[PDB]
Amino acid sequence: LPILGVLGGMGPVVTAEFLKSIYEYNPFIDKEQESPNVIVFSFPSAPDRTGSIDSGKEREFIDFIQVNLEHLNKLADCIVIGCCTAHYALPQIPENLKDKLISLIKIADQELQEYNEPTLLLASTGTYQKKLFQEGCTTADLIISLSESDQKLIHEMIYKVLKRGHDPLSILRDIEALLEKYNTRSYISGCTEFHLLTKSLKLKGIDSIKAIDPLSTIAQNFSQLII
């Protein structure tokens, strides 16, 4: 039986919501015993990702990621790091600890390739500084980058609303204004906390916005992805 390992806690609110998504998207038919097997390491003590870039302390963060990948390699068959910015550490991690890894950047890339329309990357300044989507996606030409000022506003939404567990729909107007400003109807969840927004839109039946949301995709396609 295949086990998904989740290096989580970045942040904890979205980590818990992702685990919930896994079972919401894979309801069992007859017995509970059919349902996805998942190991979650929800460690919010993980250093601030953008903080680790803005200060000099990338080594500290990379070690955190490496030690926990060592654990999860022994326990799980596939691994996901529940944080986009955190993927910046991967070039420094030995290749053996990334054999089972499913990249959120690549999941986003595959989805955007099918959608094939310009889409607004909603992400932290850290994710933008490290150019994770621009350097990782075959569909980089379809990715619209936020300006520096709008990146800082996304930061506020992430830290003041989403990470603190407040209603994700409270930022919907700010998001719709951004989409209108950048002339698109789609966003990429370039920050995992936008899984929370994506769920809230789906719950309300708001189909006007296309969300390229890697965590929703992983949950939805668990059967096929997790081998």
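Residue numbers here begin at 1 and follow the sequence given.
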- Got a sec? Mean C-alpha B-factor, which is higher, 204 to 212 or 12 to 20? 204 to 212
- Query: So 35 to 43 or 56 to 64, which one's hotter by mean CA B-factor in the entry?
  - Reply: 56 to 64
- Item | Criterion, highest CA B-factor; candidates, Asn73, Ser103, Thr119, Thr127 | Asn73
- Message: Highest Cα temperature factor in the entry, among the options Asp109, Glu135, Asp150, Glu156: which one is it?
- Response: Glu156
- Message: Quick check on the deposited entry: does the C-alpha B-factor of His195 sit in the lowest, middle or highest third of its chain?
- Response: lowest
- Task: Relative to the other modelled residues of the same chain, rank the CA B-factor of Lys98 and answer lowest, middle or highest third.
- Result: highest
- Taking the C-alpha B-factors as the PDB entry records them, is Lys163 in the lowest, middle or highest third of its chain? lowest
- Chain-relative C-alpha B factor for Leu69 (record values, thirds): the highest
- Query: Looking at the C-alpha B-factor of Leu179, is it in the lowest, middle or highest third of its chain?
  - Reply: middle
